[PDB]
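In: Using only what follows, build the 3D model:
(chains A, B, C, D, E, F, G and H)
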Amino acid sequence: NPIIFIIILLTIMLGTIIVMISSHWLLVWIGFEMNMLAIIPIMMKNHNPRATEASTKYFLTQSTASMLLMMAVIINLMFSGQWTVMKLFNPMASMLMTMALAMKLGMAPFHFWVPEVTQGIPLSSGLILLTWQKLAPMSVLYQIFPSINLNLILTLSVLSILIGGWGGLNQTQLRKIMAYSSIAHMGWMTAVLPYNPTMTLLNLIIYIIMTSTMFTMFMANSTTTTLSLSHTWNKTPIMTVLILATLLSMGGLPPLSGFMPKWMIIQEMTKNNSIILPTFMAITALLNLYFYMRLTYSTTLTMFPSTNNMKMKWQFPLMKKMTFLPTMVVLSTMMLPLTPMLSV
Amino acid sequence: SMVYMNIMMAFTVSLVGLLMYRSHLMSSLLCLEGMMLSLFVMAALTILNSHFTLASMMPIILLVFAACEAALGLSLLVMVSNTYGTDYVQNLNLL
Amino acid sequence: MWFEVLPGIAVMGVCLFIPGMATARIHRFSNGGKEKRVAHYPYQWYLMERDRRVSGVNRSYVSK
Amino acid sequence: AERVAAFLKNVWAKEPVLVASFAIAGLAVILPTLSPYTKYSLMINXXXXXXXXXXXXXXXXXXXXXXXXXXXXXXXXXXX
Amino acid sequence: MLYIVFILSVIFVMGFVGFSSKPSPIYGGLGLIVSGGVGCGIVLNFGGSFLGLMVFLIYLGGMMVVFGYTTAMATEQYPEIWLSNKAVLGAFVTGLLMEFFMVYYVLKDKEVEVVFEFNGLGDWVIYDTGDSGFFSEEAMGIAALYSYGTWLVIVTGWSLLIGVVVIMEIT
Amino acid sequence: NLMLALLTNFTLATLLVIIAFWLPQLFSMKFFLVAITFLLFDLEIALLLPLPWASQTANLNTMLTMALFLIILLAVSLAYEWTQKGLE
Amino acid sequence: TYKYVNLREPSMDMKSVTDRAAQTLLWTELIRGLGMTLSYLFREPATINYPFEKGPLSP
Amino acid sequence: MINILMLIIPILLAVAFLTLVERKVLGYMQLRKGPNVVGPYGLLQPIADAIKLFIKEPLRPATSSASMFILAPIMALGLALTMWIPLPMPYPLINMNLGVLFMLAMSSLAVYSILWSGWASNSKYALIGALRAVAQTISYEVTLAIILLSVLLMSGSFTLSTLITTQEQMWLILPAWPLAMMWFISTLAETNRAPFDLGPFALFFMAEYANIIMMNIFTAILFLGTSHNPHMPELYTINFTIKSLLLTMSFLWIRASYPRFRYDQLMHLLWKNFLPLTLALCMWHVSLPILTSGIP
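Out: Numbering: from 1, shown residues only, chains lettered A, B, ... in the order given. Please find the structure below.
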């Protein structure tokens, strides 16, 4: 992977632009497929028996998913006629459309591939791309948020934090914990879509920055809880303070930036006379915190992972924005109260 | 209306075919071709009966991208037969 | 010599000669004037339909 | 010359068909821009009507007459 | 005699049954030739000279021919009879009976449907198109043009550059 | 009729098989890379197919830059086939 | 005795390079090879049909 | 509709009477006498081969997998005979809306005939050689589509009837000088056994030699023409057959004169060398109707 690897990475960047700037329903289908043909090579890279299994599981669960989207595109020719990504019109078309989006974002009945795909990547650079790919179908949902029946969108949000809040408890694999942290945060994504379109995109701004900081802290190789355990005493001790700060912000805690999306999600929902649904969102949010709480015990507690082998030489990773973005990820509570309006 | 009633029923059979697995892995990629074949008939008839002229190019573009997933995903199938003996959905290690 | 080769060519000047002549000479029996009309696009198709309507009944191509 | 004269006779000797792949395809881009003949071909393509011409209501109009042959509008008669 | 497209649509579903059922990639592969070739007639009858033959060139004479290689490259297992296998015959019989039961309801015009839309008869109304255009006729008569849709040409060319580069890197 | 013309050829082809059947009584994955490139090139051919039938009403100057563009990238895909294809 | 099979670079500069490239660009020598069998077709074949004609022998 | 039978029965005779031409014309190339004992000049032998193989010759299959092996000759003969329908001739039988698209489609589906034969044998020994034979046909079909389009982009739409009218004064060999050389080589890839070579087995001979005549005729439409004459069908019928027969001699010329190119170096002639050449001429043929007015 020499110069052309950047070009392969550029087509994912350009692929989302096609989805972003679009008016035609077949144009976004092209935009989704621009990502399909360009993530798989980075999913493989070194060629491993675990990588072959992950890439096939990533393909089959996602290519069939986009094929359900094309049905809803063709129902938009049978009914309502026009090829515009403004409204879905038909309730018959929306049922197949929302489920196709749930296969990438809703996750509540389509989570199954995520913990196996995220674990299957041999490299840390591939972990960023799956948290960046979720930006693409969110642009579609922001365009067609009316007309779609709320009874079978909010079920994809309520159930997702339940399975996300239980699915990380029996996991020691560091990639797997972050895989279920996606599904847990995706419930908050598919909740603001029926109740006020703004702050839904800001939820991405908080999430993507917070997740990109997380994996770039794991540039010093760690794949399990026990491998991230040997970091405070043997490796760099000051580095684990930033891992602590990012993990505390991942769960809902006020002096950190991660509580600031959770503000407006409940605020806009309570304005629409709904109290019984946002209550369930807050109790299930506690279950999300528990995974980060156990993972902060690799940074706070002793835990005895000393080992005979010791590193003396200074570490030099990639670190693209692993210094500027964690400062925004640790503290942005006072910095961003009126910034909800600035995004959209 | 009348012709659309049969090909929508043909679409559901190809949809279940993707969701069904018994030992072999090759059927899924064959069903992916069939799903795109059933979508090709549905797209063509809507533009052909209700004239568009400009939009008749859209299924031709759809024809090209149908093969892209049915080649780049098909290439991954051979890689399974390099690591393992033969392609099986029953033969998986990930948990 | 060529006197052995030429009967092999002359038999091909009969069998391959059939499809050309059989398609052409059939228009005398089927049509009135040894000609079959080509469809291409609806412009020429509509002219075929109105010719049968202009007092011909069963015939598709007929003069006057 | 270091690349013009040196990398010419070697290309004709080693892999000689690759010379034609760059020369013919290269000149296929250069010729339609510089040669003054391409402008004529565009005019006849637009002049030949695909569908029936529409008639407009006459209310103070210039260069518009009856269907009979008269000096009106453009009407292409370029090269015989 | 009365219907032209409606008979071909039944054979279209008939070939598709060997996909929900699992008759191995050899006999399952044979289904796409049967359903594809008959499937062209469904497209061709309403019009489309270019688009109707594109299925023969790409879907039939390109797509499944590459799939002919992969059956020999991975999982060949010497082709077997698709009747002796358990649950395969059960999936095939239930697959046809979902559609053939609807065929019996076509008689006396109206048929019961899961969807809200009614079927009725539609024989002369099946095409639902007048003459209209004559010279350079049909919407599919000039189906593809590089003009107007300039952006679509660039991305299709870009995506086909990806395929050649990526698949070479995997192997 | 096209349906009558096609079916007559196949029915006579089936009859020739029965004559011989009834009357008498007493590995390597390098091939795959060639097959894939066939499919990916033919789709570029599919985009370049309309050219003689399309260029009749549309503007030539808008088409000229776009028509050559597909063939250029079709050569770039072959340019990637020169940087070690294999023994094939 | 030595006879040498190697040509030792037939092409040198300009004139000698182009004709060696012309035979590889199109064909020429294949069309020249086509002409070898062409004249060979016209000349009378030496064939003996056994039930009527008989082949040469010795005392 | 009786003319269909007048385009199968004399065509099956043309494939039969090829056996004379394929070893007498090939015979004089090799200075040997071909057919002589059987007939007056061996005219009784082509029909004698049919009585030998069809009726008396029995079957011994390797495994016979239910439907296959007794389905592959139907695909072989069926696709070879259906190619005769879209042919322009003096007058075509049931003229298609687009001509050459039907011609390229039934040839691309004719790849299956050698595919199902490889699946008929249970052994691994045969299928590796069978896939190699597919590679000879599948690769050259990429270029075959390109060289077709360059001729079409010069003049005429996809319809085969319009290709005769455009050749009124001069042949298309002169404007398409390097492209005419390509059609001599590219057509030989489809089981002609000249640049590369791999009961029901006898039926494959009747299908493979049928495609040889088919490529000879199709080259005599795209590049040859001389005259049209709608008033006189007599002049066209004789003049078309002589032009096609001269190309049939050139097909048997390569089979006798030239050795096999190797399978690996078949992918060095094409792909490595031909594909950059054909596309460069395709680039040239895009500019031609724009540089000078040439639109049907």
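In: The residue of chain E found nearest chain C in helix, strand or coil?
Out: Nearest residue of chain E to chain C, counting by CB to the nearest CB: residue E:134, 3.8 Å away. Placement of C-beta: from N, CA and C, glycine included. Following DSSP: H, G, I helix; E, B strand; the rest coil, the label given to residue E:134 is coil.
In: For chain B, see how far away it is.
Out: To chain B, residue E:134 is 14 Å away according to CB to the nearest CB, to the nearest Å.
In: ok, now residue H:32?
Out: Distance from residue H:32 to chain B, by CB to the nearest CB: 48 Å.
In: now swap in residue A:152 and tell me
Out: 18 Å.
In: which residues touch the spatially closest residue to the residue of chain E closest to chain C that is not a sequence neighbour?
Out: Leaving aside its chain neighbours, residue E:134 sits nearest to residue C:43 (3.8 Å; criterion: CB to CB, 6 or more residues apart in numbering or on different chains). Going by CB atoms under 8 Å, 6 or more residues apart in numbering or on different chains, residue C:43 touches E:134, E:135, E:137.
In: buried subset of the residues you listed?
Out: E:134, E:137 (16 or more other CB atoms under 10 Å in any protein chain shown).
In: Thought residue H:49 was touching residue H:19, still the case?
Out: Yes: Residue H:19 is in contact with residue H:49 according to CB atoms under 8 Å; the separation is 6.1 Å.
In: Tell me which of the two has more neighbours.
Out: Ranked by neighbour count (other CB atoms under 10 Å in any protein chain shown), residue H:19 and residue H:49 place residue H:19 first, with 21 against 14.
In: element containing the more buried one, please.
Out: helix H:18-29 (DSSP states H and E).
In: Other residues contacting that helix?
Out: Residues contacting helix H:18-29 (CB under 8 Å, 6+ apart): C:4-5, C:8-9, C:11-12, G:37, G:40-41, G:45, H:33-35, H:42-43, H:45-46, H:49, H:209, H:212-213, H:248-249, H:252-253, H:255-257.
In: Give me the buried subset of those residues.
Out: Judged by 16+ other CB under 10 Å, buried ones among the contacts of helix H:18-29: C:4-5, C:8-9, C:11-12, G:37, G:41, H:33-35, H:42-43, H:45-46, H:209, H:212-213, H:248, H:252-253, H:255-257.
In: which of the residues you listed are close to chain D?
Out: When CB under 8 Å from any CB of the partner chain is applied, no member of the buried ones among the contacts of helix H:18-29 is adjacent to chain D.
In: Just to be careful, could you list which of those are in helices?
Out: Here DSSP state H is the test, and those give C:4-5, C:8-9, C:12, G:37, G:41, H:45-46, H:209, H:212-213, H:248, H:252-253, H:255-257 as lying in helices.
In: Identify the residue nearest the residue of chain F found nearest chain H in space, chain neighbours excluded?
Out: Taking CB to the nearest CB, chain H has its nearest neighbour within chain F at residue F:20, 3.4 Å off. Spatial nearest neighbour of residue F:20, excluding adjacent residues (CB to CB, 6+ apart): residue H:199 at 3.4 Å.
In: go on, residue G:46?
Out: Per CB to CB, 6+ apart, closest to residue G:46 is residue H:31, 7.1 Å.
In: With residue H:29 instead?
Out: residue H:256 (4.5 Å).
In: Could you count how many residues lie near residue F:88?
Out: For residue F:88, using other CB under 10 Å, the count is 14.
In: ok, it - contacts?
Out: F:30, F:31, F:33, F:34, H:264, H:267.
In: Helix, strand, or coil at the last one?
Out: When you say that, I think you mean residue H:267. Per three-state DSSP, residue H:267 ends up helix.
In: ok, now how distant is it from chain C?
Out: With CB to the nearest CB as the criterion, residue H:267 and chain C are 35 Å apart.
In: What separation do you get for that residue and chain A?
Out: Using CB to the nearest CB, one obtains 24 Å as the distance from residue H:267 to chain A.
In: show me what contacts that residue?
Out: Residues counted as contacts of residue H:267 (CB under 8 Å, 6+ apart) are F:34, F:88, H:135, H:139.
In: out of those residues, what pair is the most spread apart?
Out: Maximum pairwise distance among the contacts of residue H:267 (CB to CB): 10.8 Å, between F:88 and H:139.
In: Pull up the overlap in contacts between the two.
Out: Between them, residue F:88 and residue H:139 share the contacting residues F:34, H:267, judged by CB under 8 Å, 6+ apart.
In: Minimum distance to chain G, which residue of chain E gives it?
Out: For chain E, CB to the nearest CB, closest residue to chain G: residue E:164, 27.1 Å.
In: So that residue sits against residue F:80, correct?
Out: Yes: counting by CB under 8 Å, residue E:164 touches residue F:80, with 5.7 Å between them.
In: Same drill for those two, tell me which one is more crowded.
Out: Ranked by neighbour count (other CB under 10 Å), residue E:164 and residue F:80 place residue E:164 first, with 22 against 15.
In: Residue 7: neighbouring residues, count only.
Out: Because you didn't say which chain, this covers chain A. Neighbours of residue A:7 (other CB under 10 Å): 13.
In: let's do chain G instead
Out: 7.
In: Chain B versus that one, what's the distance?
Out: 45 Å.
In: Residue H:155 now?
Out: 24 Å.
In: ditto for residue E:140
Out: 5 Å.
In: likewise residue E:82?
Out: Counting by CB to the nearest CB, the gap from residue E:82 to chain B is 12 Å.
In: Likewise for residue H:277?
Out: Distance from residue H:277 to chain B, by CB to the nearest CB: 25 Å.
In: That residue reaches residue D:22, doesn't it?
Out: No: the criterion here is CB under 8 Å, and residue H:277 misses it with residue D:22 at 11.0 Å.
In: what about these two, which has more around it?
Out: residue H:277 (22 against 13).
In: tell me the SS of that one?
Out: From three-state DSSP, the assignment for residue H:277 is helix.
In: List the contacts of it.
Out: D:17, D:20, D:21, H:178.
In: Could you report the separation of the last one from residue H:225?
Out: When distances are taken as CB to CB, to the nearest Å, residue H:178 and residue H:225 turn out to be 19 Å apart.
In: These two: which has the busier surroundings?
Out: residue H:225 (23 against 17).
In: Residues of chain E that sit close to chain A?
Out: E:115-116, E:152, E:155-156, E:158-159, E:162-163, E:165-166, E:169-170.
In: What helix or strand is residue H:216 located in?
Out: Counting by DSSP H and E, residue H:216 is part of helix H:200-222.
In: Touching, residue F:69 and residue E:157? I think so.
Out: Yes: between residue F:69 and residue E:157 there is a contact at 6.5 Å, judged by CB under 8 Å.
In: Apart from its chain neighbours, what residue comes closest to residue B:84?
Out: The spatially closest residue to residue B:84, leaving aside those adjacent along the chain, is residue B:91, at 5.7 Å (CB to CB, 6+ apart).
In: What count of nearby residues applies to the one you found?
Out: Neighbours around residue B:91, by other CB under 10 Å: 14.
In: For chain C, what's the nearest residue on chain B?
Out: Closest point on chain B to chain C, by CB to the nearest CB, is residue B:51, at 12.5 Å.
In: Now that residue: which helix or strand?
Out: Using DSSP H and E, no helix or strand contains residue B:51.
In: Please tell me how far it sits from chain F.
Out: Counting by CB to the nearest CB, the gap from residue B:51 to chain F is 16 Å.
In: Which residue is the nearest non-sequential neighbour of that residue?
Out: Nearest to residue B:51 is residue E:139, by CB to CB, 6+ apart, at 3.9 Å.
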